[PDB]
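Novice: the amino acid sequence is not available; the structure is as follows:
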């Protein structure tokens, strides 16, 4: 988990980490290139406070007058069936479609849920067009207003590209307020200065400048209207109260004072400069999400790789087994590769390591009480028969006579791999229905005598206790230089602990990443309980990255 | 990781550190000497608050007036094909080129992406010149304006150096405002005082001082428009003029609707005439103010009449072009001219009424300018000695982060103490020799040979009372130098006067016979196979003076051969007919041959390259030797660099 280990596993998993980081950056870049650009326009309003004005601008009288001025409750979008059709259309350089509807009146379904009757325009040419509400397509021409089925459309200046689809939505006036008010924004930047910087953000650049100018003009007009409206209510009741006659003349003097004031009462709000749209979109923020894509890919990659590190629990190196006090006799690397590897590809790495095992056993197998070696995998799929068979081959070619007993009576398949006469296997001998001679075979490849399990017997462990088995071993250890026995795991059945009574040397075979140290520890302790002293293990299937062996020649 | 050998390996990698820090400092030197200098000018403006003015000056109203005043939307640069041509041209002392365009009208491509049409001026002489837009080069002279292909250009007082290239960009008004505003800056420095320090930063010194003066004088003229506007008739003139102009606007759009209910040159000339008319209006109403604010002999007023005589020439040429094309186009062109000219005048008048009202509600009195803007001769950017020191520390920090990274990169052995911590008797540290014959007989006094003699003495002490006189030397890896050490050691022991036999039991890829001169037939493998006799395989290295046994042909079963008892017989015979027997074996990390021969060797040694083989390889090799019943006596470090070896010449 150290920095060195970190970089090691990173370069080892460089494919995964770069793949995930690159794919998230691909999502980021496609999103940055497909998200519609959003321009921002600004204006400067000057007054002589400004705290009421930042709230009166965003009031519904102001926005509500712009909406009715520009008909912004008539919403128009070019149709693109995919969620990214519009973005790719912009990327291709296609000029976006746009039309002007000066007067819209839907059939006004205006239901509780679907209060936005949605219609689609099919552009037929630059002059005529067709409108489908729910299938009923009404063909129409710009100029002439379409008044059918309670549906009133006055659409003019339709765009060029025909065949397009334009979704029209007569969303409610309150909605046409709320969206704008969401986009609209005000500030002061002087905390007392009359300057207000209105900002409106939107997609259609030319539209937002007009909308902001409309807001500014409405604000100008309404402030002119208010100061005058004070005097206007005064004037209204003066007009209502005119009938004493000298007082009538005094009221006429006040009337003439008030009347002109209304026309002349223009002030207190100022458009220092009308709205213009900044050509550079402010959103989507390029180079701010792509770096977020990079960092998101990096963080998720590390949080996944660390999770996988804390996932696996199998053996990782012989040092783990030697920590418990287990003499790992070999580390057989996994070979890329029906005949024996030790005779098919005699110079493979996995066979060089088995020769390295042969020498170490040859040293460790003298002083053993007899020349019978028992090899029991830690579990199925630990390769016990692979290692035992190749070891038998590599010891046969040396020149010693080897007998390879496959005492895995439960699911042993060595006879399925050496070529066999399935009759008269091992089990058929223990049952007493076969003699010691008709069971041995000759693997022509390895050159070592082979004894197969034969038929699966109903009672394996009961058979192995029969005293004929020790007779077999006593005879063979006199007629052979080495005897290798295959036995089932000790975590599953007790066959291994029965055969181990007669074996001089016993070894476990542990698959590299499959079997855990717990399985080896429990297996060795369970062998000891049964009076069988496990000599050591033979780590197997170690990946070539962690295997010390390499080609030499 | 400690100061002592921190300074140590920094003295070691001094070449690297000064190399890269110097590279970065040269990068900084060239950046500082090539970055275009930026000058800033400050002007001081006096009023009697000023918080509104800090944002009113930076409004598009005031800046937008200066842009239209100095034609700042016409951008010009000397063209340099490299990114650093301008800087190097300055470094040579070449006076930068500059020209003057009082009137530019590009073909107005103004696309969505390339909204800035670009042309290049090719300077022919001090008088004439040629301009290429996209290949069509139009030859023109100062004075007369070029009005061709919808392109109107009036350039005058062009620089001297001919053959140069001037890129011209008619960037839009908003861009020409935004860049200026980015460069422009205001402050107060009193937090209440009437002192407004204006600052403008730019490259061309004279250009910036003039721009700041124009800004200041526009603001002054606006606040004088205060004092003059209230009684001015212009207010009522605008009040009455707007309705009639909007009336003809309405009439013109009605005429468009009536005639509506695309020849390229038609739009080109239409846009050109409209631009000309807008400029003619704005210049008339501009003359309206320069006439009483300034005098006729004042050069600014002369500039107004000159640029309009230019504009009237341009309109005359445009009308000449209009007359020539078909009436089907002339009708539409006149109808569109009336219309968008009406909107242009209408927008102007709206503006006109607007800032005329700005005179009214401004409560400021006198807006005296204290001192006109002057540019600081010293450029403020690029900052000298503030990127250079950053270049220094950047090189230094990248040096430390790279050198420490390389420190934590290598994993090999670094000193015999690393092995002796594990418990390995390092018998020698053979230094690397600079140098086909044996080094022990080619250059007998080389340091590596003296260290090999030292190994000879240490062995001769340690090799006695071993069970026999056979020595097995096993490399920790291929390319650990096993055969170098073994061969030279055999030579150094043979010259002493002992009979030495050198068996190359590296049956897999042994090549000693390729180096001693050989009869390749009947090597070692041909003996284990039983097809050769014991005496027929032995040789004589004439140089070293020791008997040599080569591997012979590579057999298909090495480890199976080495187990044959003939190997036992050979060693038993030789150890009786020789004083010392050296055996070369393949690594034990790769094959099992070494653990087969170590069955019979009195002494076994590992050879480890200095920085290649790790401590783990030696540890694993010794433990795997022990598993096989072979006790490795010790190690022999090899190829140690002369910086770390204690050996030196003597004599």
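Specialist: Cool, got the structure. Numbering: from 1, shown residues only, chains lettered A, B, ... in the order given.

Novice: please report how far residue A:51 lies from residue A:216.
Specialist: Separation of residue A:51 from residue A:216 (CB to CB, to the nearest Å) stands at 19 Å. For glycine as for every other residue, the C-beta is placed from the backbone atoms N, C-alpha and C.

Novice: the more surrounded of these two?
Specialist: Comparing residue A:51 with residue A:216 by neighbour count (other CB atoms under 10 Å in any protein chain shown), the higher total belongs to residue A:216, at 24 against 10.

Novice: helices or strands next to the helix or strand hosting the more buried one in the packing?
Specialist: Residue A:216 belongs to helix A:205-241 when assigned by DSSP states H and E. Helix A:205-241 is packed against strand A:38-46, helix A:60-70, strand A:196-202, helix A:245-264, strand A:270-283, with contacts defined by 3 or more CB pairs under 8 Å, 6 or more residues apart in numbering or on different chains; DSSP states H and E.

Novice: could you look up the SS state of the residue nearest to residue A:137 when sequence neighbours are not counted?
Specialist: Computed as CB to CB, 6 or more residues apart in numbering or on different chains, the closest residue to residue A:137 that is not its neighbour in sequence is residue A:130, at 4.7 Å. For residue A:130, the assignment made with DSSP: H, G, I helix; E, B strand; the rest coil gives strand.

Novice: the closest residue to residue A:70 other than its chain neighbours and residue B:513: what is the separation?
Specialist: On the basis of CB to CB, 6+ apart, the spatially nearest residue to residue A:70 that is not a chain neighbour turns out to be residue A:214, at 5.8 Å. Residue A:214 is 98 Å from residue B:513, where distance means CB to CB.

Novice: likewise for residue A:304?
Specialist: Applying CB to CB, one obtains 55 Å for the distance of residue A:304 from residue B:513.

Novice: ok, residue A:542 next?
Specialist: When distances are taken as CB to CB, residue A:542 and residue B:513 turn out to be 36 Å apart.

Novice: residue A:441 too?
Specialist: Going from residue A:441 to residue B:513 by CB to CB gives 45 Å.

Novice: run through the residues that contact the residue nearest to residue A:70.
Specialist: Residue A:214 makes contact with A:66, A:69-70 under the criterion CB atoms under 8 Å, 6 or more residues apart in numbering or on different chains.

Novice: so what's the residue of the stretch 1-150 of chain A found nearest chain B bridging to?
Specialist: Scanning the stretch 1-150 of chain A for the residue nearest chain B gives residue A:44, at 5.8 Å (criterion: CB to the nearest CB). Taking DSSP bridges, one obtains residue A:197, residue A:273 as the residues bridged to residue A:44.

Novice: burial measure for it, as a count.
Specialist: For residue A:44, the count of nearby residues is 23 (other CB under 10 Å).

Novice: residue A:279 now?
Specialist: Using other CB under 10 Å, residue A:279 has 14 neighbouring residues.

Novice: hey, where'd the strands end up in the stretch 401-550 of chain A?
Specialist: Counting by DSSP state E, counting those that start in this stretch, the segments of the stretch 401-550 of chain A that form strands are A:402-405, A:449-451, A:482-487, A:505-511, A:536-542.

Novice: turn the ones you listed into a markdown table, including mean neighbour count and distance to chain B.
Specialist: Formatted as a markdown table, the entries for the strands of the stretch 401-550 of chain A read as follows, by neighbours: other CB atoms under 10 Å in any protein chain shown; distance: least, CB to the nearest CB, whole Å:
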| stretch | mean neighbour count | distance to chain B |
| --- | --- | --- |
| strand A:402-405 | 26 | 14 |
| strand A:449-451 | 23 | 19 |
| strand A:482-487 | 25 | 14 |
| strand A:505-511 | 26 | 13 |
| strand A:536-542 | 26 | 10 |
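
Novice: who in the stretch 301-450 of chain A is up against chain B?
Specialist: Counting by CB under 8 Å from any CB of the partner chain, the residues of the stretch 301-450 of chain A lying close to chain B are A:327, A:329, A:346-347, A:352, A:355-356, A:358-360, A:363-364, A:397-398.

Novice: got the contact list for residue A:71?
Specialist: Taking CB under 8 Å, 6+ apart as the definition of contact, the neighbours of residue A:71 are A:101-104.

Novice: 10 Å instead, please
Specialist: Counting by CB atoms under 10 Å, 6 or more residues apart in numbering or on different chains, residue A:71 touches A:100-104, A:176.

Novice: and the stretch 51-200 of chain A, which residues reach chain B?
Specialist: Counting by CB under 10 Å from any CB of the partner chain, the positions of the stretch 51-200 of chain A adjacent to chain B are A:93, A:95, A:143, A:189-195, A:197.

Novice: hmm, try it at 6 Å
Specialist: Those residues of the stretch 51-200 of chain A that sit near chain B, judged by CB under 6 Å from any CB of the partner chain, are A:190, A:193, A:195.

Novice: ranking the residues you listed by neighbours, who comes first?
Specialist: Counting by other CB under 10 Å, top hit in these: residue A:195 with 23 neighbours.

Novice: how about that one, nearest residue that isn't a chain neighbour?
Specialist: residue B:55 (4.7 Å).

Novice: now the helices: where do they sit in the stretch 1-150 of chain A?
Specialist: With helices called from DSSP state H, counting those that start in this stretch, the stretch 1-150 of chain A shows them at A:3-12, A:14-34, A:53-56, A:60-70, A:85-91.

Novice: can you list the ones you listed in JSON lines and add mean neighbour count?
Specialist: Written out in JSON lines, the entries for the helices of the stretch 1-150 of chain A read as follows (neighbours: other CB atoms under 10 Å in any protein chain shown):
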{"stretch": "helix A:3-12", "mean neighbour count": "12"}
{"stretch": "helix A:14-34", "mean neighbour count": "15"}
{"stretch": "helix A:53-56", "mean neighbour count": "15"}
{"stretch": "helix A:60-70", "mean neighbour count": "17"}
{"stretch": "helix A:85-91", "mean neighbour count": "15"}
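
Novice: residue boundaries of the strands in the stretch 251-400 of chain A?
Specialist: According to DSSP E, counting those that start in this stretch, the stretch 251-400 of chain A carries its strands in the segments A:270-283, A:327-333, A:372-377.

Novice: pick the most buried one from these.
Specialist: With neighbours defined by mean count of other CB atoms under 10 Å in any protein chain shown, none of the strands of the stretch 251-400 of chain A is more surrounded on average than strand A:372-377, at a mean of 26.

Novice: and it, what does it pack against?
Specialist: Using 3 or more CB pairs under 6 Å, 6 or more residues apart in numbering or on different chains; DSSP states H and E as the contact definition, the elements that strand A:372-377 packs against are helix A:384-396, strand A:482-487, strand A:505-511.

Novice: so which elements touch the second one?
Specialist: The reference is to strand A:482-487. For strand A:482-487, where contacts count as 3+ CB pairs under 6 Å, 6+ apart, the packed elements are strand A:372-377, helix A:384-396, strand A:402-405, helix A:495-499.

Novice: name the strands paired with that strand and say parallel or antiparallel.
Specialist: strand A:372-377 (parallel), strand A:402-405 (parallel).

Novice: next, the angle from that strand to strand A:505-511.
Specialist: Angle, strand A:482-487 to strand A:505-511, by axes from the mean of the first three to the mean of the last three CA atoms, to 10 degrees: 50 degrees.

Novice: ok, residues contacting strand A:482-487?
Specialist: When contacts are defined by CB atoms under 6 Å, 6 or more residues apart in numbering or on different chains, strand A:482-487 is touched by residues A:371-374, A:376, A:385, A:388, A:392, A:395, A:400, A:402-408, A:476-477, A:495-496, A:499.

Novice: and the angle for it with helix A:384-396?
Specialist: Strand A:482-487 and helix A:384-396 are oriented at 180 degrees to each other (the same axes, to 10 degrees).
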